[PDB]
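So the structure is just underneath, and the comments pick up after that.
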Amino acid sequence: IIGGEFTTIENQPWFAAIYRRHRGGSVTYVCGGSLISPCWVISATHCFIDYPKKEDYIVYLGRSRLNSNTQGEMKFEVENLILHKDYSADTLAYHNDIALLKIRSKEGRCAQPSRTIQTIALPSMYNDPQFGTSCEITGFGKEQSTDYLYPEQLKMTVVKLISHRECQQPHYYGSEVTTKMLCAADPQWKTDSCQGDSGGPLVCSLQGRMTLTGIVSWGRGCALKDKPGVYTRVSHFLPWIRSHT
Ligand SMILES: N=C(N)NC(=O)c1nc(-c2cc3ccccc3o2)c(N2CCCCCC2)nc1N
């Protein structure tokens with residue numbers, strides 16, 4: 001996250017930290033995600049596509065920091081890693097950038113909701129807030145495009161949903177953005193998602209409720225003018241989500 005603020009897992013208690021075991025047993029951070037039910041985290045396929053073996057992965061819930069433990073956190077193995085059949089990668093844009101991890105502990109349990117661990121609602125079918133609606137994003141992604149390291153502490157910031165029509169302008173993304181995506185940006189382009197934030201939540205208040213409207217997917221650079229964040233539009237994927245859960 002570029003700009004915004006530090007936070008703690010209590011302000012995004014559905015946020016999932018996803019890591020990978022190297023051969024040799026070093027663990028690096030992969031991507032964010034969101035708990036949508038006690039056994040299921042939703043993320044971006046582009047996160048796992050290079051190393052698609054589920055045994056490689058580790059999921060934490062109730063975690064506020066990248067490389068320190070947080071009192072209350074729960075650690076999970078991936079019992080299932082479901083990548084979207086119709087995924088593709090062009091120059092910039094991921095298509096069908098959506099994945100499902102079914103989490104289970106060594107002692108064979110799903111998430112136990114707590115003050116630091118909660119689910120987030122999916123939206124109703126093809127129902128998203130109006131353009132200019134303010135939503136939140138969360139992750140351990142870079143603070144600056146140039147940064148070598150990820151932050152130790154979770155971040156969140158605020159972006160404004162951009163009209164489909166405005167995102168498709170040639171000097172934004174042209175046709176790279178389809179109806180199964182969303183754009184969001186700062187009016188001043190000064191805060192944004194970045195490398196390390198992929199798979200994480202774009203949360204909007206909808207029928208006055210905290211609702212998972214988006215999954216961080218891509219963008220050109222981070223916090224670049226006429227270069228919004230692009231999000232997987234969860235409200236065009238409920239059949240897929242229901243069908244695979
Ligand atoms: N909201 C946005 N504008 N962008 C984003 O959401 C985003 N950006 C990048 C990005 C582009 C870039 C260029 C130079 C330095 C750092 C960079 O990071 C990003 N990566 C980082 C590379 C590893 C695989 C995942 C793709 N993911 C994003 N989801």
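Ligands are numbered from 1 in the order shown, chains are lettered A, B, ... in the order of the structure tokens, and residues start at 1 in each chain.
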Name each residue within 6 Å of ligand 1, counting only C-alpha atoms and all ligand atoms, as an MDAnalysis selection string. chainID A and resid 145:146 192:195 197:198 216:223 227:229
Give me, as a PyMOL selection string, all polymer residues having an atom no more than 9 Å from residue 244 of chain A, counting only C-alpha atoms and skipping those fewer than 4 positions away in the same chain. chain A and resi 82+100+239-240
Nearby residues (only C-alpha atoms) at most 8 Å from residue 162 of chain A, same-chain spacing under 6 positions excluded, as a short mmCIF file (atom, residue, chain, number, x, y, z; two decimals) with C-alpha atoms, in the first residue's frame:
data_model
loop_
_atom_site.label_atom_id
_atom_site.label_comp_id
_atom_site.auth_asym_id
_atom_site.auth_seq_id
_atom_site.Cartn_x
_atom_site.Cartn_y
_atom_site.Cartn_z
CA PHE A 131 -18.63 5.46 -9.11
CA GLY A 132 -17.01 7.85 -6.54
CA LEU A 182 -13.16 -2.64 -11.30
CA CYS A 183 -10.86 0.42 -11.14
CA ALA A 184 -10.29 2.49 -8.03
CA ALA A 185 -7.88 5.37 -7.41
#
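Of the listed residues (A:14, A:140, A:60, A:231), A:231 comes nearest to residue 164 of chain A; the distances count only C-alpha atoms.
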Looking only at the backbone, which of the residues in segment 3-244 of chain A does DSSP tag as helix (DSSP H, G or I), as a list in words? residues 9, 10, 11, 45, 46, 47, 54, 55, 56, 164, 165, 166, 167, 174, 175, 176, 234, 235, 236, 238, 239, 240, 241, 242, 243 and 244 of chain A
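Those residues that approach residue 202 of chain A to within 7 Å, counting only C-alpha atoms, are residues 135, 136, 137, 212, 213, 214, 215 and 216 of chain A; same-chain residues fewer than 6 positions away are not listed.
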Generate a file of the selected residues that holds N, CA, C and O atoms, formatted as a short mmCIF file (atom, residue, chain, number, x, y, z; two decimals), in the first residue's frame.
data_model
loop_
_atom_site.label_atom_id
_atom_site.label_comp_id
_atom_site.auth_asym_id
_atom_site.auth_seq_id
_atom_site.Cartn_x
_atom_site.Cartn_y
_atom_site.Cartn_z
N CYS A 135 -14.03 3.09 -0.98
CA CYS A 135 -13.80 1.74 -0.41
C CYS A 135 -12.40 1.69 0.19
O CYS A 135 -11.61 2.56 -0.12
N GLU A 136 -12.14 0.69 1.01
CA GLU A 136 -10.84 0.46 1.67
C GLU A 136 -10.11 -0.69 0.99
O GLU A 136 -10.76 -1.70 0.63
N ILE A 137 -8.78 -0.63 1.03
CA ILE A 137 -7.90 -1.76 0.64
C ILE A 137 -6.88 -2.01 1.75
O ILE A 137 -6.61 -1.12 2.53
N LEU A 212 -17.23 -7.56 0.34
CA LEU A 212 -16.00 -7.76 -0.48
C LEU A 212 -16.32 -7.45 -1.95
O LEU A 212 -16.72 -8.36 -2.68
N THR A 213 -16.10 -6.22 -2.39
CA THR A 213 -16.46 -5.75 -3.75
C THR A 213 -15.35 -6.13 -4.73
O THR A 213 -15.63 -6.33 -5.94
N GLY A 214 -14.12 -6.21 -4.22
CA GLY A 214 -12.91 -6.39 -5.04
C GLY A 214 -11.83 -7.24 -4.38
O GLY A 214 -11.78 -7.33 -3.13
N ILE A 215 -11.00 -7.82 -5.25
CA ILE A 215 -9.71 -8.52 -4.98
C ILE A 215 -8.65 -7.82 -5.81
O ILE A 215 -8.82 -7.85 -7.06
N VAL A 216 -7.65 -7.22 -5.15
CA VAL A 216 -6.45 -6.60 -5.79
C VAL A 216 -5.97 -7.55 -6.92
O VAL A 216 -5.69 -8.72 -6.63
#
Between atom CA of residue 84 of chain A and atom CA of residue 19 of chain A, measure the distance and give it in Å to one decimal. 19.8 Å
Skipping near chain neighbours, those fewer than 2 positions away, what residues fall within 9 Å of residue 126 of chain A using only C-alpha atoms, listed as an MDAnalysis selection string? chainID A and resid 123:124 128 233:237
If you keep N, CA and C atoms, can you produce a file of those selected residues as a PDB file, in the first residue's frame?
ATOM      1  N   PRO A 123     -20.852  -9.590  -2.134  1.00  0.00           N
ATOM      2  CA  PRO A 123     -21.949  -8.721  -2.528  1.00  0.00           C
ATOM      3  C   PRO A 123     -23.076  -9.595  -3.088  1.00  0.00           C
ATOM      4  N   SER A 124     -24.236  -9.001  -3.276  1.00  0.00           N
ATOM      5  CA  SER A 124     -25.302  -9.608  -4.097  1.00  0.00           C
ATOM      6  C   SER A 124     -24.833  -9.466  -5.543  1.00  0.00           C
ATOM      7  N   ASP A 128     -22.883  -3.512  -7.251  1.00  0.00           N
ATOM      8  CA  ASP A 128     -21.689  -2.769  -6.787  1.00  0.00           C
ATOM      9  C   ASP A 128     -22.081  -1.319  -6.544  1.00  0.00           C
ATOM     10  N   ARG A 233     -13.789  -8.021  -9.924  1.00  0.00           N
ATOM     11  CA  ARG A 233     -15.164  -7.615  -9.539  1.00  0.00           C
ATOM     12  C   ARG A 233     -15.917  -8.820  -8.962  1.00  0.00           C
ATOM     13  N   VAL A 234     -15.853  -9.021  -7.647  1.00  0.00           N
ATOM     14  CA  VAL A 234     -16.430 -10.227  -7.004  1.00  0.00           C
ATOM     15  C   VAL A 234     -17.905 -10.408  -7.410  1.00  0.00           C
ATOM     16  N   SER A 235     -18.693  -9.359  -7.668  1.00  0.00           N
ATOM     17  CA  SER A 235     -20.163  -9.513  -7.898  1.00  0.00           C
ATOM     18  C   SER A 235     -20.494 -10.223  -9.241  1.00  0.00           C
ATOM     19  N   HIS A 236     -19.529 -10.333 -10.171  1.00  0.00           N
ATOM     20  CA  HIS A 236     -19.611 -11.136 -11.423  1.00  0.00           C
ATOM     21  C   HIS A 236     -18.975 -12.529 -11.263  1.00  0.00           C
ATOM     22  N   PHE A 237     -18.836 -13.063 -10.053  1.00  0.00           N
ATOM     23  CA  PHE A 237     -18.173 -14.386  -9.880  1.00  0.00           C
ATOM     24  C   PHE A 237     -18.850 -15.251  -8.807  1.00  0.00           C
TER      25      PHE A 237
END
Quick check for you: according to DSSP on this backbone, which residues of segment 45-149 of chain A are classed as strand (DSSP E)? Reply as number ranges by chain. A: 57-61, 74-83, 88-89, 94-95, 99-104, 134-139
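Distances from A:104, A:147, A:165, A:21 to residue 55 of chain A were compared using only C-alpha atoms, and the smallest one belongs to A:21.
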